[PDB]
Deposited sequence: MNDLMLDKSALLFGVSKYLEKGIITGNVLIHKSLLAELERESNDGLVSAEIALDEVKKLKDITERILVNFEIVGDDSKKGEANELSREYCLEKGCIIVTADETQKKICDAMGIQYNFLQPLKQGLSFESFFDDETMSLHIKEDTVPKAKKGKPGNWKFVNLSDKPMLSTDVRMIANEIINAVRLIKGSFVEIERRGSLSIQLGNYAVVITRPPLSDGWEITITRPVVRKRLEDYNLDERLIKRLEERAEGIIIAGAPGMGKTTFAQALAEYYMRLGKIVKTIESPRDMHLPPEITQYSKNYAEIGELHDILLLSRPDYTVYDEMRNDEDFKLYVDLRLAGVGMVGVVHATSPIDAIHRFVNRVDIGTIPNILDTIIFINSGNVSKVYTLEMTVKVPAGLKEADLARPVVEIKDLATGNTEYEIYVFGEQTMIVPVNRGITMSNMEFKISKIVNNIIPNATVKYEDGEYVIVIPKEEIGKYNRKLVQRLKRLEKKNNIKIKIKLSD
């Protein structure tokens, strides 16, 4: 029968449930230095420490029922961290470290200490049934009846959920459930722990748990996300809603500054939340690591303006996280050019699929990104068929921009630009070719190149020169004359 040494994370994340359920088995040890560290931390006002000490009490009763020992062991007065102390003891005496912390796993691995990593247990949460259609948040105060904030932003009342107050223990039980649940609900994390306050994101909920010294008793606030302008208030057409529900995973919200992009992004987020999705907001990589650990369904990235932002977006998309990125931009070129060189042409629609422009608080235009293989706009040679991303207007289905590799950078090209070029090559060509039939005309790096065979150069006269210059100034282009071979 094995000796199980429980670390902090074990106590903090419901180890007694695992003993009760038979998932782990053994006689139970806590190092005296962990108990002391928890007592100190509780006295200095930490919420997590009190939850761990509640777990210790829970352990006394479970160990008795499953007929195992429970002992506080080890060297009172040794200099050290409790976790390194617990590890040292196990190295000396042969116990197994029980942990919920990935870091313990690696250290114990390296040191030759056997460990049992607690896999998250699918517990469920008692409180979620207190959320009406009109209930925005939940309020739990020690020696008070539990209350719900019902109504709307700027217009709400508190409504008592029950006629019975809640004792300290009742509030802490709810705290414990929430902390415990952080390990299994997507997108959840412990934000910041201060003396008397613990702030948690549990899926879409914002949780704040307070205690003395900060508040007079044990308190919990749980707030659901609320928006003043819902997605339905933009009156989006069926084609777009359908696309947002069924297809769109890499989304960009564009438009000039001051047009209502943040408001729209928040509205789309909340709508996805109503569809069951967990949606987190970054308000510009620990944010990389924490988000890729928690993996929500969507992340809203508000104000992408630095290389960092664009890299993170790409990374999150490649790890399978949906994105709603907000970019100040007046055109699709401005909206997405910072993306198209980070990945392969073919990969681009795996990064971005939908661009939504916002004009004065309204959706003005939406574009889609779909991969194809084709000959780009204003190019003759079928031999130059290649991967292109077509950027289409959603309303019309019309291809308006193309993305492809020319030379050794990925260009976003308006179809109008390619058309213009081709038309200009032809207008120049028929003028030259009327005099010099063997002359070629081709656009290359900012100039229209007329190549004349050296045998036929005599034919290049002042009449022809004047006409080309007129072509130059009327169309604002550069013509260049070269000689063959």
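Numbering the deposited sequence from 1, one finds a lone region with no C-alpha coordinates, namely 285-304.
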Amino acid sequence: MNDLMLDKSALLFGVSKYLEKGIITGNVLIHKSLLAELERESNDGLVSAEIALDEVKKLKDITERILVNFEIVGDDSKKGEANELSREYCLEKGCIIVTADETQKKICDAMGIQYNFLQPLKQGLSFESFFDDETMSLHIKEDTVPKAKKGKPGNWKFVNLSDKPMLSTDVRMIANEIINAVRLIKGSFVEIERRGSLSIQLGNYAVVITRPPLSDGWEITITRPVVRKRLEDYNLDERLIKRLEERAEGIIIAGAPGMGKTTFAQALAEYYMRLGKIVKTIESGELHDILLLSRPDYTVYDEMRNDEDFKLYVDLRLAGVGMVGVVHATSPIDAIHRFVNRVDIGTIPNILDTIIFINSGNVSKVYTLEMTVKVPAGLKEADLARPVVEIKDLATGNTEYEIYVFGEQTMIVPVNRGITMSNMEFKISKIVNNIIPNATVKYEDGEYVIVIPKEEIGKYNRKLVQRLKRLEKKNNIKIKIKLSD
From here on, numbers count along this sequence of modelled residues.
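Here the stretch with the larger average CA B-factor, out of 392-400 and 408-416, is 408-416. Relative to its counterpart among 210-218 and 348-356, 210-218 has the higher mean temperature factor, C-alpha atoms as listed in the PDB entry. The maximum CA B-factor among the listed residues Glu308, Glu92, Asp297, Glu232, taken from the PDB record, is found at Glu92.
Of the candidates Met136, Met323, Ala181, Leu384, the PDB record gives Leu384 the highest C-alpha temperature factor. In this PDB entry, the Cα temperature factor of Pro225 sits in the middle third of its chain's modelled residues. Annotation for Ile107: C-alpha temperature factor in the highest third relative to the rest of the modelled chain, per the entry.
Ranked within its chain, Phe131 lands in the highest third, by CA B factor from the PDB record.
Remark: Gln123 belongs to the highest third of its chain, ranked by C-alpha B-factor as recorded. Among the modelled residues of its chain, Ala49 has a C-alpha B-factor that falls in the lowest third according to the deposited record.
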